[PDB]
Each structure stands twice: as C-alpha cells, then as structure tokens.
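In structure tokens, one chain follows: the form deposited in one PDB entry.
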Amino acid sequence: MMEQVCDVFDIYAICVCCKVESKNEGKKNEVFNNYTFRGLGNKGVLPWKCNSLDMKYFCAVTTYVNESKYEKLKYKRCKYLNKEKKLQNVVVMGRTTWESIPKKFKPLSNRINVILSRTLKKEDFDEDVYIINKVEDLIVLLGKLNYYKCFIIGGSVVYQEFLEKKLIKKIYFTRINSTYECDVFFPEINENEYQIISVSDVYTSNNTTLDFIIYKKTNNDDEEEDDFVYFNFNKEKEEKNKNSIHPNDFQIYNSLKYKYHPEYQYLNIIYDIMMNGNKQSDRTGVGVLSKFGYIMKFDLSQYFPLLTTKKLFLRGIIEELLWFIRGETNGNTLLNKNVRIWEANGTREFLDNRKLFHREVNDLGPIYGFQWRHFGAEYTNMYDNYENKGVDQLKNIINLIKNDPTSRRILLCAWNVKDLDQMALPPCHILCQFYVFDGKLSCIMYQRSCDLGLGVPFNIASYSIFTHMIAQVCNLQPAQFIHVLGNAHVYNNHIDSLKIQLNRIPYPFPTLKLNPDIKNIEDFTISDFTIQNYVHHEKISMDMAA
C-alpha cells in the first residue's frame, strides 16, 4: 500500500483553457482532440478578457469545504505522518500569477494563499500569505496546516511541474470554446495518466460556450437504504439484448461518473435502445431495435445542440428549411444546389411504388413546404402557384406569437391526413408547438418515426435552427427546444458505428449566428447562417458497407 502524496494531502489542480490561434492554413478539415483546449495565458494575463461563469465556478470550488469530512481527512494525514478558525482550502500559485491579481483581490478571500517564488521572499509581501521556494516545502506546509483541500491554481510553469511529479489527484479543467492569442499553454495531458470522469452541462458566458470537465488520475437514515433494496425486488428481468450488446464495448461511456453534457440526452437514448430495445423488422427487411416515447430538451440560449461525437454539416438542412419555408415541393430546387436529402424519394421507382404513377420525377407532392403555407388546398403539381390558397399556418403562428403570446394553440402541423397518400412519403416531423414567456420562445416538435443513427442528429439541428428563426422575426429570445420521440429506432446497420460513438466524450457545443437584420421569416438566405466554434470528433459512417 504505497500511499500517494496527492491522495493524502488532497492536492488538486483547476484551470481553464481556450483554443489556440495556431495556423490551420492548408486543410479546411481541422482535426480535434482534447489537446485543442490548452491556451492558458497571454502577456501575463488571460487570453480572454474575463469569464464571469468560469470565475463563479472557480470561486465555488476553491472555497467550498465540508466540515464533517475534515474529521476523517485529519485522521488520514496524521497516520500518514505517524501523529496521534473556520476550515479553509489552500490555493497555491506561481509568483507571476499572484502579481496578476488586482490589488483589491489579494490575497484570494477565504483561502489560505500559498505562493511559489525564488526572486521574492516573505519580506517582499504585505499580504497574509505563505511563501515557498520549492515544491517539497508545500508538502511540509500542508502537513502543518488545517485545511480541507489544496488547489494548484496556475500558471503554466506551476501546472507543468506538479503534473510531472504526479502530485495532482484530479484536474478541474474548464474548456472555453473560442480562440484567442496565447503565449502560454497547459501541458499535454497523458491519457494513460489521466482519464476524464465527468462532463458538465454546457453554458454561454461573455460570448462563448464553455463546459467543465474533471480528469482523475488513472488507476495502476442509513436504514432507509434497505427499503430501497426491498422495493427493487421485482427488477428480476434485465436487458434483453445485453447478450448481443456487450456493455464491455461501452468501457469509456460507463466509466464516466457524471454525464451532464446535453449531448448525453441523445447518447443515453441510443444506449437505452441498445440495452432494452425490442427487436423488429421494418418495411424492407432491415431490422431495428425500438422503444416508444422519449423526450429531449436543449437550451438554445446556452448553445447550439449540434452533436460533437461525430461530424455533421448543416448547409443541406438549412437549404431544406429555406425550401420548406418557400412552400416548395420541387425536388430539383434542392438538387440544383447539390442537396440530395430528397433525391431518393423522388425517383420513378420510388414514386411508382407509392402508386404515384401520374407524378413527375422529383415532384414530391404536398409535403412539409406545401402544408406549412397551403394546408387544405388541392395539390396539382410542383410548378403551380397556389398563391393565397389553403391555410398559411406559418404566418398564423408568427402572428399568434406576436399578438397572442399566451395562446395554447400555436402549432405548425404537417400531418395532413387527407394528403398523406399524395405525399412522396408521410411527414416524420408531425408538428411543432410554441410557448412564449418573459420574451422567450420555446418549441416542441413531435417526431413519429426516429432514426437515431442518421436522422435525429440532423432533425435536432433543423428545429433548433427553426426556433432561432421564428424567435428572431417575432422579436424574442430563443429558449428551449423540446424534442419528443415516438417510435425511436436503431437500424442494425448502425450499431457497430454507434458503439464507437457512445465511447467518445462530447466537446462543448458550438453556437449559431443569424444575420440580425432579417425581420420576416421569408427573407432568410443560406448566407444569413453561421455555425461558430464547432469542435467535433471525426465523422463516422453509420453504415460500413463497401
């Protein structure tokens, strides 16, 4: 039992890193990895001006102490040293870091401040702080103090040396998802030395998304708890596919303690379907694992929910969206933009098997577009006018949001029962419902059929984008985008690729920027959309057929 020093004295490291401004000239396809976030400082200060949320997080971690837990800690440290006034944490920093703290904040409040330095000695300081000219001295000092936990708070030189010596039990690492000029960086973490064990929710602060992750040092009333064991007596049956699906293939996924990154709502569903889904076979013979009824919520005010565990592009879906909004049903419009989302559903073969023998190739019929702007009108062909015919649902919801915010009747429905058979294929996205409160807009979209491996990722982006669009032209701030899944399935084809995916740890979501000028839902164009700071894993082919 070779007791590790970082465990005895509970020495942790907490930092924050942004993306480095390194030259990515040559390939528009930038590769990403955890080492993407490593910019620590610039010209003696932080690359970014400031970050309120990160600061709030920092303050909360380094000042929180658990009185009751100290009792044990003391025993631990004493026996390690063979030994038998409000509790505070210790914060240790390089001299350069200390000299960057504004005088009105020196020393860090409610914390025992320790400073590393050779050029300066205690006489050179006016504040209540401890000065040490060597690492070993820290261990000595900790042995003589009464503290909860000890946090190494920078800078690069200090993080560097504490990591080599393996004196860090954990690393509270903040990932600022934006680029800035840097001259100082955090050391490249060794994945065989440190593994991520927790990922936080994603937030926005000072014009940038960010999350919090925790790296751990890689290995190598009490009675009411029994009423629980009793209450779980009938949980006799477990995962029907656990055999066909070996949890051992989700090593990383199951090794994570806290999985709060919103992307996990998508990822956990994939897991649930794989571990408990029912085996079924759809129309062509392809098999699937299925479950019924799920709900996912994304905070569009905090980030754009574009999956990061694989690569996605949105040009196509944005064009589809603009295509929907124009009321179009002409598949060629999309194909002339090299968007093939609908190409397969408009062929001669496809149309004929739908019994649409009298439908021109690529004329998709009364689908989404047609329903949003002309529900109820008799469809003729994709070239017809239809001006002022049928119900313009889109304009209606826009007016309801503007003039009757609290209405509980703001829905956009595509499932026109009468037109179903005339459609190339019935709509998957049945309807959208909006909610308005305190100047914010939320949207609920009900999806009847859901291809988790290929479809859902794009669907989430589509409606999140749509919500931003409606909210803007109605002079509102987008809030939540609720996604309700009906028949949720995973095609057998996608399993091996999804297993890979579930083992990738999410990156902080990127953000969506809309041209602020656009004021009418119809005046948007492809160039009015900007997806910024999209950090993602390499793309995957859900289908590995060759």
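The first residue of the sequence shown is number 1, and the count goes up from there. Between two forms, the rigid core is defined as the largest C-alpha subset superposing within 1.5 Å.
What follows is about the form deposited in another entry, which we do not show.
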property	result
Only residue that shifts (Cα, 2 Å or more, rigid core superposed) between the shown form and the other one, among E164, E188, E236, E349	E236
Shift of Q532 between the shown form and the other one at or above 2 Å (CA, core fit)	no
Shift of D392 between the shown form and the other one at or above 2 Å (CA, core fit)	no
CA of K27, rigid core aligned, shift of 2 Å or more between the shown form and the other one	yes
Distance direction in that other deposited form for the C-alpha atoms of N24 and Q532, relative to the displayed form (3 angstroms or more)	farther
In that other deposited form, shift in Cα separation for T308 relative to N24, 3 Å or more	farther
